[PDB]
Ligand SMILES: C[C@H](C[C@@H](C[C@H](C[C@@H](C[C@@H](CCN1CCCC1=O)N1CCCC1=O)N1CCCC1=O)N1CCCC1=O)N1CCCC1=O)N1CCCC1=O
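Take a look at this single chain in structure tokens; it is the form solved without this ligand.
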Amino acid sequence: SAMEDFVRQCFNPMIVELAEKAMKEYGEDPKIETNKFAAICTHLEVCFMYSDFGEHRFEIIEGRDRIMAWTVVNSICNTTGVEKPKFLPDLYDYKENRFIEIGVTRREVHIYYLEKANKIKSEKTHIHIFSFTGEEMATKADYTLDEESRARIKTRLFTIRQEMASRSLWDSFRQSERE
């Protein structure tokens, strides 16, 4: 276990339940794919944090089931004209009027940024990558959030990494490229 216990102790029950739903839909067991379990939990929490740091600025798309997520995306596109994205993004920014793809990587932020940008192939989806070392990379170096919110996200990620390290789980996670 170990990784399972750490996930249950460091993430709130709602996030853990959402991640378990994601993995049960993928056909993957969270007791076997422990690293993917933790990665999904971390990504969900970063998305929720990003959103909470907003007159209601961000619409959360991640964390919903596919049907609801695409319903939300379609409503946004129909009421703003913003082009519908090819792949499901993570948030929508009502202030900048643009979708946001959030990335959390155990590798260098620029490697994962290139990977995500090559993947999404949509010039209009904004991309924000965070690492577990306090580094970030965003489209056009536009980081959207203010310094304090980004710092809180960075601190949470670093703290997750250090919690894993104290439990001897960081090495496997970092090499597990489940992201």
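Residues carry their position along the shown sequence, with the first being 1.
Going from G54 to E55, you skip over 4 to 9 residues of the deposited sequence that the entry leaves unmodelled. Stretches 158-166 and 12-20 differ in mean CA B factor, with 12-20 having the higher one. For the segment pair 26-34 and 110-118, the entry gives 26-34 the higher mean B-factor, averaged over Cα atoms.
Comparing the listed residues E135, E62, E45, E123, the entry records the largest Cα B-factor for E123.
The entry lists a Cα temperature factor for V72 that places it in the middle third of the chain's modelled residues. Sort the chain's modelled residues by C-alpha temperature factor and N97 lands in the middle third, per the entry. Sort the modelled residues of the chain by CA B factor and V104 lands in the lowest third. Placement of the Cα temperature factor of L88 within the chain: middle third of the modelled residues, per the deposited record.
Keep in mind that the form deposited with this ligand bound is not shown, yet the notes after this line are about it.
In the entry with it bound, none of the heavy atoms of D142 sits within 4.5 Å of a heavy atom of this ligand. Shown alone here, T155 lies farther than 4.5 Å from this ligand in the entry with it bound, counting heavy atoms only. Contact check for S51: a heavy atom falls within 4.5 Å of this ligand in the entry with it bound. Of the heavy atoms in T159, none are within 4.5 Å of this ligand in the entry with it bound. Heavy atoms of no residue among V109, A138 and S149 are located within 4.5 Å of this ligand in the entry with it bound.
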